[PDB]
Amino acid sequence: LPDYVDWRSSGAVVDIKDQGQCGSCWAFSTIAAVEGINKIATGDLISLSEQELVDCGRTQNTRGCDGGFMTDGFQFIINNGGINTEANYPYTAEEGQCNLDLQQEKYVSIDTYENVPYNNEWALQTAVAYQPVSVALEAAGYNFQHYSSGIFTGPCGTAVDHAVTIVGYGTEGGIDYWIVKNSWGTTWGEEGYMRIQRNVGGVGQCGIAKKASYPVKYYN
């Protein structure tokens, strides 16, 4: 695998977004991964609608601003035959009624999704070498919350509670890291991103390797 990967460098990552006062992170992670594979497979970068997932993608386990799962996000886009753009179905940071007309407008599609084998940073690295990958991690701790620069090495728990998107990886000063795209706006971390320690084993740093998944498009 490559020594360094950064999906931002090849125009596969939309500018940093802010979920605001709403636990919709599963939706931001779903969308960032779909945005990535769409650029990789088709050549065009399009900013897509988190609000559509929040309003229209509710399940037994996925509950808009009350948390959810990227697998349900991917499932919705597959089931619906696509997803609308950010511009057409804008983000409100509030749970609203599913706009059926906007739901019918489809600008990006995915064919399938896959789960990265659990607790396997090597499998995760393999997946990230091909595309941005949706992950969940433990983001509730003071140090994670106040992260501003460098490679985050903890402390943090492992009990997944917040979804982000891995958009690359690398090594600096002998320390391996993942590049994480968060949805807390540009004022958090390294202009919205975090470098977080990689190759620590097991569940990965802050549990990052526990529940990784990515969307699939059959044709390039």
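Here, each number is a calculation from the coordinates, and none is a lab measurement. Cβ: placed from backbone, ideal geometry, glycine included. Neighbour counts: every protein chain shown.
Quick notes on this structure:
- Spin-label model, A123 to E172: label points 7 Å out along the Cα-to-beta-carbon direction sit 3.0 nm apart.
- Judged by a Cβ-Cβ distance under 4.7 Å, the unpaired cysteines of the chain are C25.
- Amide N proximity, the stretch 73-98 versus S47 label position 7 Å along Cα-to-Cβ, cut-off under 15 Å: 84-93
- Mean Cα-pair separation over length for the chain, i.e. relative contact order, pairs under 8 Å, 6 or more apart, %: 26 percent
- As a length-normalised measure over Cα pairs under 8 Å and 6 or more apart, the relative contact order of the stretch 34-157 settles at 23 percent.
- Packing order of peptides 147-153, 66-72, highest average first: 66-72, 147-153 (average count of other Cβ atoms within 10 Å over each peptide's residues).
- Taking packing as the residue-averaged number of other Cβ atoms within 10 angstrom, the listed peptides 170-176, 43-49 run from highest to lowest as 43-49, 170-176.
- Taking all Cα-Cα distances within the chain, those exceeding 25 Å account for 32%.
- Taking every DSSP helix (H) stretch of at least 4 residues in the chain, weighting each as -39,500 (n - 2.57) and dividing the sum by the residue count yields a mean residue ellipticity at 222 nm of -6500 deg cm²/dmol.
- Under 19 Å, Cα to Cα: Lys pairs in the chain, sequence gap 8 or more or different chains: 8
- Using the Cβ-Cβ distance between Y130 and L100 with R0 set to 25 Å, the FRET efficiency works out to roughly 0.15.
- In nm, spacing of pseudo-spin labels at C65 and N199 (7 Å Cα→C-beta vector): 4.3 nm
- With R₀ set to 25 Å, the beta-carbon distance separating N115 from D15 gives a calculated FRET efficiency near 0.35.
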